[PDB]
């Protein structure tokens, strides 16, 4: 009940890798069937694979024509990965997809990642004449991250997010700004420490007020998302990294997708700290997580068997790095990633992961009422042909279906299935009146004269 009110989300990496509208509709059908509430669609994540009809941008006193932005982005994406299946979703396809999901009671949550995982936008910005948009660390240039000290590149990124946010306004509820790295490829995976370093180790060439600037950046993206009536979300990585609250405060309306509890040399804030600060927590435990193409034990980290085992061993309420506290959650999210985007997407592998997550946490997931609705529509129309006793039993069985609690969980699916089987039995039991019997035999007789 309070369990049923939680979000249950599947995440799909359609930033690195192309997914067709047909493929996503199939994912949505499964999400509805298994009792999920939302599809989390990354469209900006290395690649940028969603294109508005109007891509014109004004940023920091400069104007960029819609057609030039489209060309620049399309090519920037292909420079990351030129996917044989496609390049991007169009605005018509996205609007249709969102409507499709909405008719099935399923929400859509887009991600456009920054300041990291934004290769395609960085490439596009170069083509559009913005100089040095990428962060560089003592001569090593990030392929994925924007330099927060480059005002023009920051202004362009923000203007692009604002344009996506304008489109998603009213059609969606939540917008994921990501915030999940800062130049890990250029700093030996220590981007957050690099941003914090100059405060504790001055005059050594570390980015001046780096982490302070990241906070302002996060907060301004949150302001932008909210100005469009949407809720901002981000991954947990950089939010009070090293539990350091001394650089400033993150906007507490930022919903945190808590995917990692960190590891040796990667010291993220505990979910305990984030919850105490007042951030809502979406449990996105990487115990559940799955990388396309890594389909069985032995094929590397986050293979499908590993994800399945994680789902068995880590319930939806089990959040990374709790430090022993009871962490309240708004929901849970299982994630499929496309780290090697040329890997073949296998729908059946994904659905297995989704089904197991639903089954392991059945009291949280919605029951499936679709077969019940179908059973009702399939009751014969011509009931006057049948015995009063047999018709009354059918009517009773229909009523029992219509009076089922509309808020059953997946754990209570049997209740619905028994009502369906009972209706079918009563329909099977429909018995012709003597008058209908005579008419039917008269009709078989003429039909034989053919």
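Positions refer to the first chain, counted from 1.
Engineer: If you average the CA temperature factors as listed in the entry, which stretch comes out higher, 229-237 or 138-146?
Structural biologist: The recorded data point to 138-146.
Engineer: If you take the mean CA temperature factor per stretch, which one wins between 276-284 and 93-101?
Structural biologist: Mean B over CA atoms: larger for 93-101.
Engineer: Just the C-alpha B-factor column, please: which of 170, 312, 117, 321 has the biggest number?
Structural biologist: 170 has the highest C-alpha B-factor of those listed.
Engineer: Just the C-alpha B-factor column, please: which of 257, 113, 361, 348 has the biggest number?
Structural biologist: That would be 348.
Engineer: Compare the C-alpha B factor of residue 159 with those of the other modelled residues in its chain, then answer lowest, middle or highest third.
Structural biologist: Its C-alpha B-factor, which the entry lists for residue 159, ranks in the lowest third among residues of this chain.
Engineer: How does residue 202 rank on Cα B-factor within its chain, lowest, middle or highest third?
Structural biologist: It belongs to the highest third of the chain when residues are ordered by C-alpha B-factor.
Engineer: Just say lowest, middle or highest third for the CA B-factor of residue 24 relative to the other modelled residues in its chain.
Structural biologist: It falls in the middle third of the chain.
Engineer: Among all modelled residues of this chain, ranked by Cα B factor, put residue 209 in the bottom, middle or top third, i.e. lowest, middle or highest.
Structural biologist: For residue 209, whose C-alpha B-factor we compare with every modelled residue in the chain, the answer is the highest third.
Engineer: Taking the entry's C-alpha B-factors for this chain, is residue 333 in the lowest, middle or highest third?
Structural biologist: Lowest third, going by the recorded CA B-factors of the chain.
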